[PDB]
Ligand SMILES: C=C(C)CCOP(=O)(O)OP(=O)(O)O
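One chain is shown next in structure tokens, namely the form deposited without the ligand.
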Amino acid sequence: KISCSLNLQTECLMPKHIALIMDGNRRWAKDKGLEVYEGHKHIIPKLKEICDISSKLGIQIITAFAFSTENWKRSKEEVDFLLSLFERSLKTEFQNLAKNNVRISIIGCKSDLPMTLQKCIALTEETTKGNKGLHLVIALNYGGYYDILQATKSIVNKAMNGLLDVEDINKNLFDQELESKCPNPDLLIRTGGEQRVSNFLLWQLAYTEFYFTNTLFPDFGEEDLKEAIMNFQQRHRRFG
């Protein structure tokens, strides 16, 4: 007998936290005739640009989907290129963000990554952990399923060590065990035309506003961003 009691046990205007699915780079390359991998060169720069615009509007957190845990299903060549492209991009743009007082965290399974990428990530996190500006969270080898599973294993681990009882398990406890925690995204922006989440933040999106746009990520600028904020502010005007 495991119980449920929901009637009892009760329980994260500018968006404070924006989540980003940065899609459309391969399409932006097909249009304009280049090779596939050229659009991907523009990802991390454009992200840094968006942090700057966001920082100046009063936005406090950005979580961005960089490398999906399903990308291991790509060719060993495509993935190995993407992990290299990313390690390079991080050291280029490290200074730019850190200088402007941005704090940087990585979420995902880091132990699967190349050892050089692991070392660069740990350095980046440590040197920016004191910064007081915008908080940039990079989802790298991350997924919604993964986050819920790692949290479940941690909870089972604690129960096995006598540190918690099965009836202590509630929304607040589970939330503290996830990699992406409160406060959750108020607005989610996916560029590139698709209208799905593709396994990026399942638990955290329970009350998030969804905004989908056909603009490809490389063409996405300040006007498109303020458009989406403006859109978000409309919905609060027609809802309690």
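Definition used throughout: the rigid core is the maximal C-alpha set that superposes within 1.5 Å between two forms. Numbers for residues come from their place in the sequence shown, where the first is 1.
Comparing 167 to 175 with 33 to 41 by root mean square Cα distance to the shown form in 5 other deposited structures of this protein, with the rigid core used for the fit, gives 33 to 41 as the more displaced stretch. Note on 126 to 134 and 156 to 164: with rigid core alignment, C-alpha atoms in 5 other deposited structures of this protein sit farther from this form for 126 to 134. Omission of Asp219 is seen in none of the other entries compared for this protein where the adjacent residues are built, far below a third. For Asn231, the record comparison shows coordinates present in all the other entries of this protein that model its neighbours, with no third of them leaving it out. According to the entry, the deposited sequence places 10 or more unmodelled residues between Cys12 and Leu13. Once the C-alpha B-factors are averaged per stretch, 71 to 79 and 162 to 170 rank with 71 to 79 first. Higher average CA B factor: 22 to 30, of the stretches 207 to 215 and 22 to 30.
For the set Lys181, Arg196, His40, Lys48, the PDB entry assigns the largest Cα B-factor to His40.
Ranked by Cα temperature factor within the chain, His17 sits in the lowest third according to the deposited record. Ranked by C-alpha B-factor against the other modelled residues of its chain, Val36 falls in the highest third. Remark: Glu93 belongs to the highest third of its chain, ranked by C-alpha B-factor as recorded. In this PDB entry, the Cα temperature factor of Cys109 sits in the middle third of its chain's modelled residues.
In this PDB entry, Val137 carries a Cα temperature factor that places it within the lowest third of its chain's modelled residues.
The same protein also exists as the form deposited with the ligand bound; that form is not shown, yet it is the one meant from here on.
Taking the partner from the other structure, the ligand in the deposited complex has no heavy atom within 4.5 Å of any heavy atom of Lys181. With a 4.5 Å cutoff on heavy atoms, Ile50 does not count as touching the ligand in the deposited complex; it lies far away. By the criterion of a heavy atom within 4.5 Å, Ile59 is excluded from the residues contacting the ligand in the deposited complex. In the deposited complex, the ligand lies within 4.5 Å of some heavy atom of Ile21. Annotation: in the deposited complex, residues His42, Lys46 and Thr215 none come within 4.5 Å of the ligand through any heavy atom.
For the residues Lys119, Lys110, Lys129, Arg74, the 4.5 Å heavy atom test against the ligand in the deposited complex is passed only by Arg74. Residue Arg190 is the only member of 157 to 190 with a non-hydrogen atom no more than 4.5 angstroms from the ligand in the deposited complex.
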